[PDB]
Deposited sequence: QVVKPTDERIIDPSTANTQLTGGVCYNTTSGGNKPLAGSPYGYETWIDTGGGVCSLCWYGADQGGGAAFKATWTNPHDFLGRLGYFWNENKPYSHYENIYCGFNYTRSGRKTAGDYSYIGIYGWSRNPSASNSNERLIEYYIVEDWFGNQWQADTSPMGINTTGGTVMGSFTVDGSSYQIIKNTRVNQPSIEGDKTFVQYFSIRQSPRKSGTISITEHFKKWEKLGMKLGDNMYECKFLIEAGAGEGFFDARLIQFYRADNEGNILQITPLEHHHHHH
């Protein structure tokens, strides 16, 4: 009933594999969202100065779908680099209609990002009227891929022994089953200081490095399981997170777009 967009501006992710150049790089923690010149997107870096060199380099407004970046880490302590929509304007997810992200990247191999690592979609939402005070702040992940570790192959999806928490259910979208996990973070660092909050994960059962993520489909399935997002979405960004190791992530394509149920474009980036 939701019509997939067929607009020509959408770049086919499967063949979007030309190496990009001319990045603009950020080598320190950004202190939250920082807007990008001539772009609807913002970036954020979390680069612990107790670890080694990390960077995020944005490929600019006019190539690679507009949100493409490369990141590098050298023995970080939980590096996070992310880029995409920054919202935080008191609106629930449904306000943004159907959100999609087409992507294509290369990365370093197995065991180059420490014991845990995440690639995919990430953000937060606030739900102050939730009766359970634990559920008034939400951190969320849609996990397309990871680097595995010494114990587990990067071809094998991570489980609750990496994420923590409880398997709530699953569904199939964009060519794979996704396991849905809820975890409670007890008195942990957050966008609101040290506190208790919840995390929602969809873990792609068949990891991949290119494709399209039907982000809104995850949000709907979470809410059906009682994993509510509330009424103030913070952001919706493409993330690389590396617990440790020495590696890289290098996107040839990250294209966000939003469409209504008829499949008409609401927002997209970017004569013969």
* Can you list the gaps, in order, where the deposited sequence has no modelled residues? -> 271 to 276
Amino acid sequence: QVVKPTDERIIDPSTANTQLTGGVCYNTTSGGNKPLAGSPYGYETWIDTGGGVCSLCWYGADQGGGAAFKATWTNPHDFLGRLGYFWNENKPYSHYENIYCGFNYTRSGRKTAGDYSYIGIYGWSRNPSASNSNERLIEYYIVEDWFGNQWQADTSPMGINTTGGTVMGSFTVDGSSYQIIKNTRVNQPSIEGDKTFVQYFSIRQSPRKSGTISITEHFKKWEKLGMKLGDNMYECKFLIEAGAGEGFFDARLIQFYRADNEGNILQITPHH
From here on, numbers count along this sequence of modelled residues.
* 127 to 135 set against 166 to 174, stretch whose average Cα temperature factor tops the other in the entry -> 127 to 135
* Read off the CA B-factors in the entry, average them over 105 to 113 and over 191 to 199, and name the higher stretch. => 191 to 199
* Structure fact -> The residue of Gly243, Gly247, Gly51, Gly211 with the maximal C-alpha B-factor according to the PDB record is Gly51
* To do: Identify, among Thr216, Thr45, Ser39, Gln205, the residue whose C-alpha carries the highest B-factor in the deposited PDB entry.
  => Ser39
* For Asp78, return the chain-relative third of its C-alpha B-factor as stated in the PDB record: lowest, middle or highest. => middle
* Select lowest, middle or highest to describe the third in which the CA B-factor of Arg252 falls within its chain in this entry. => lowest
* Structure fact -> Quick tally, chain-level thirds of C-alpha B-factors: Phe86 sits in the middle
* Check where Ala61 lands among this chain's C-alpha B-factors and tell me if it's the lowest, middle or highest third. => highest
* To do: Can you work out whether the C-alpha temperature factor of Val186 puts it in the lowest, middle or highest third of the chain?
  => highest
